[PDB]
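Top to bottom, those sequences are chains Z and L. Position one of the first sequence corresponds to residue 87 (the numbering used here), numbered consecutively onward. Position one of the second sequence corresponds to residue 41 (the numbering used here), numbered consecutively onward. Built from N, CA and C at the ideal position, the CB exists for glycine as well.
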Amino acid sequence: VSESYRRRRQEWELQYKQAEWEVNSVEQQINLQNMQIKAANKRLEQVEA
Amino acid sequence: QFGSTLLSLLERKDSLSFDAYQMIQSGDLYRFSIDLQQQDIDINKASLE
Numbered sequence: 087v088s089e090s091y092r093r094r095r096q097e098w099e100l101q102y103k104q105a106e107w108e109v110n111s112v113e114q115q116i117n118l119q120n121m122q123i124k125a126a127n128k129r130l131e132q133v134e135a
Numbered sequence: 041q042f043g044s045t046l047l048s049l050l051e052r053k054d055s056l057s058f059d060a061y062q063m064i065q066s067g068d069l070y071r072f073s074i075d076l077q078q079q080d081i082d083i084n085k086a087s088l089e
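Right under this line is the structure:
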């Protein structure tokens, strides 16, 4: 039991920190979308011109 | 002969003035084309990040 309680923490230690770094990774995908929002506006005004 | 000379020269005058003004119509379209497309370098850099 003294070894098992020591082994247990490591599975949750990895699981939180990998999820915390994917919370970091997703932030690039939302910041990238500003460029296509700008492109669609810079597209539409040319047909009017 | 003088009246048909005046008339036929005035067609040659007002034809070439159309061919002139038809060129400058491209000037805004190049500006809008570059200032829309240039962002794909900044998107290709954001994708590398």
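Along the segment 111-123 of chain Z, what residues have a CB closer than 9 Å to any CB found in chain L?
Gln114, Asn117, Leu118, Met121, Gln122
Would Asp68(L) and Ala125(Z) qualify as a contact pair, given that the criterion is a beta-carbon distance under 8 Å?
Reading the second sequence from its first residue, position 28 is the one you call residue 68(L). Reading the first sequence from its first residue, position 39 is the one you call residue 125(Z). Cβ atoms of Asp68(L) and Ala125(Z): not closer than 8 Å.
Does any C-beta atom of chain Z lie closer than 8 Å to the C-beta of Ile64(L)?
One-based indexing of the second sequence puts residue 64(L) at position 24. Chain Z contact via Cβ: absent.
Whole-angstrom distance between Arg94(Z) and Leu88(L), CA atom to CA atom:
For this step, residue 88(L) is matched to residue 48 along the second sequence. For this step, residue 94(Z) is matched to residue 8 along the first sequence. Going by the C-alpha atoms only, they are around 37 Å apart.
Distance, Cα to Cα, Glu51(L) vs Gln65(L)?
Counted from its first residue, the second sequence places residue 51(L) at position 11. Counted from its first residue, the second sequence places residue 65(L) at position 25. Rounded to the nearest angstrom, the two C-alpha atoms are 22 Å apart.
Hey, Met121(Z) and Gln78(L) are a contact pair by Cβ (cut 8 Å); roughly how many whole angstroms apart?
For the purposes of this step, residue 121(Z) is taken as the residue at position 35 of the first sequence. For the purposes of this step, residue 78(L) is taken as the residue at position 38 of the second sequence. With 8 Å as the limit, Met121(Z) and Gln78(L) do not qualify as a contact, their Cβ atoms being about 11 Å apart.
State the start and end residues of the unbroken alpha helix (DSSP H) segment that holds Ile83(L).
As a position in the second sequence, residue 83(L) is number 43, starting the count at 1. For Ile83(L), the enclosing alpha helix (DSSP H) starts and ends at 79-88.
Rounded to a whole number of angstroms, what is the C-alpha to C-alpha distance between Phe42(L) and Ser48(L)?
Residue mapping note: residue 42(L) aligns to position 2 of the second sequence, counting from 1. Residue mapping note: residue 48(L) aligns to position 8 of the second sequence, counting from 1. The straight-line gap from Cα to Cα measures roughly 10 Å.
Do you know how far the Cα of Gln114(Z) is from the Cα of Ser57(L)?
On the second sequence, position 17 is the one that residue 57(L) refers to. On the first sequence, position 28 is the one that residue 114(Z) refers to. Taking the straight line from one Cα to the other gives about 53 Å.
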